[PDB]
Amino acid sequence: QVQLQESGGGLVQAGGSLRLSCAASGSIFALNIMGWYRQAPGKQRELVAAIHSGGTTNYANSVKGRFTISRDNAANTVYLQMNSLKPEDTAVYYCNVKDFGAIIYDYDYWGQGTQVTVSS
């Protein structure tokens, strides 16, 4: 069974820093996207950052330049280094794996979520 284990979140002062990490245990097809989404209170879930198995990345505008996503070359583990945090960034952050092993369609795996709260 595939499972996504989220860590690194919590409480932090504005202008500070956090480093999320999501360790995907289980069979994942070599070609995939590991990503981070978030959902601020009473809003819709949005993309924060994502990285293909290839090495290509894709960020939201809100976080561009501040946050940087990377992955462990060995294991299926993805890190979001969040610098210059603002109260706006406060949300439940969800790890995501888009698996391409069916070819015609993609399969989705979501993490349970991990709270990030940035106070001013």
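The first residue of the shown sequence is 1; numbering continues from there.
**Student:** With respect to the recorded C-alpha B factors, which stretch has the higher mean value, 52-60 or 38-46?
**Tutor:** Here the higher of the two C-alpha B-factor means belongs to 38-46.
**Student:** Can you tell me whether 13-21 has a higher mean C-alpha B factor than 96-104 in this record, or the other way round?
**Tutor:** Mean C-alpha B-factor is greater for 13-21.
**Student:** Of the three thirds of its chain by CA temperature factor, lowest, middle or highest, which one includes residue 74?
**Tutor:** Top third by C-alpha B-factor.
**Student:** Determine, from the deposited record, the chain-internal third of the Cα B-factor for residue 85: lowest, middle or highest.
**Tutor:** Tercile = highest for this residue's CA B-factor.
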